[PDB]
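Structure first, then comments.
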Amino acid sequence: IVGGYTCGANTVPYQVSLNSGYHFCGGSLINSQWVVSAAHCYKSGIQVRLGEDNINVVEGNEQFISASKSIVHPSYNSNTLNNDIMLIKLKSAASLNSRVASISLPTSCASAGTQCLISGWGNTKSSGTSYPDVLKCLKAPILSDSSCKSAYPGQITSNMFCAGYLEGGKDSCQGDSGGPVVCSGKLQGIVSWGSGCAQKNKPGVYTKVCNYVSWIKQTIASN
Ligand SMILES: [Ca+2]
Ligand SMILES: [Ca+2]
Ligand SMILES: [Ca+2]
Ligand SMILES: [Ca+2]
């Protein structure tokens, strides 16, 4: 996260870290046994880390649970990142508490101008490289589809939206991929891609979760 702020420990209780020996992506807990992340975060051997603030220190509220299965969206296209969404089932159910809590799925898509909370452990610099240890947060509005497609001509599908600031300075960044965009208490986005980080006229691009609620609910119910 570039240009954001320290969330505060466990203030985003649905935020997970995906670990394969190191943090490599975020995700969002949607029930006791399921996480949603980005398809471009797929790999084998994922451990889901819940209750994290400092990802380099055991602080006493963590749950570490291996994934038992991953399901990449049937139409995921890695060349274009269309349908950049993946479900991860936990080998055992997470213990839900104050600091480990699920986030509701949308019943409706969100409108442009809606303010959302974006979070992650990704790079905090827009030209250099510095990775935080504690979770960072950013408040950012959903941008008009029209400004999104103008920023990225020919690359925005109906399954993507842009959020952030056209002037730059505040954005998601590498290491944030797969993590949440929450608006009005609903998981509306997944950190997907962008051109650099926090650059002018290059806002972050996010998977449009509201298009996938039927697929999410059906897949979970059958697995
Ligand atoms: Ca559910
Ligand atoms: Ca920790
Ligand atoms: Ca194609
Ligand atoms: Ca990365």
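In the structure tokens, each chain is lettered A, B, ... as it comes, each chain's residues begin at 1, and ligands are numbered from 1 in order of appearance.
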- [ ] Any chance you could list, as JSON, numbers by chain, the residues in stretch 31-170 of chain A that come up strand (DSSP E) when DSSP is run on the backbone?
- [x] {"A": [31, 34, 35, 36, 37, 47, 48, 49, 50, 63, 64, 65, 66, 67, 68, 69, 70, 71, 72, 86, 87, 88, 89, 90, 115, 116, 117, 118, 119, 120, 136, 137, 138, 139, 140, 141, 160, 161, 162, 163]}
Task: 10 Å contact set for residue A:190, only C-alpha atoms, chain neighbours under 4 positions out, as an MDAnalysis selection string - done: chainID A and resid 26:28 36:39 84:85 118 160:161 176:182 205:209
Task: Surrounding residues as a list in words, ligand 2, max 8 Å, only C-alpha atoms and all ligand atoms - done: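 Checked against 8 Å with only C-alpha atoms and all ligand atoms; the hits are residues 51, 52, 53, 54, 55, 56, 57, 58, 59, 60, 61 and 62 of chain A.
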Open item on the list: Neighbouring residues of ligand 4 are defined here as those with any atom at most 10 Å from a ligand atom, counting only C-alpha atoms and all ligand atoms; list them as number ranges by chain.
Closed with: A: 23-25, 41, 122-123, 173-177
Open item on the list: Can you measure atom CA of residue A:63 to atom CA of residue A:87 for me? One decimal in Å is fine.
Closed with: 18.5 Å
Task: Contacts of residue A:186 at 10 Å (only C-alpha atoms; same-chain gap of 3+ positions) as a PyMOL selection string - done: chain A and resi 103-110+116+180-183+189+209-210
Open item on the list: Around ligand 3, out to 7 Å and counting only C-alpha atoms and all ligand atoms, which residues are there? I want them as JSON, numbers by chain.
Closed with: {"A": [77, 79, 80]}
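The gap separating atom CA of residue A:81 from atom CA of residue A:215 is 17.4 Å, in Å to one decimal.
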- [ ] Name each residue within 9 Å of ligand 1, counting only C-alpha atoms and all ligand atoms, as a ChimeraX atom specification.
- [x] /A:30-32,34,102-105,216-217,220-221
Task: For residue A:188, the nearest of the candidates A:157, A:114, A:222, A:150, counting only C-alpha atoms - done: A:114
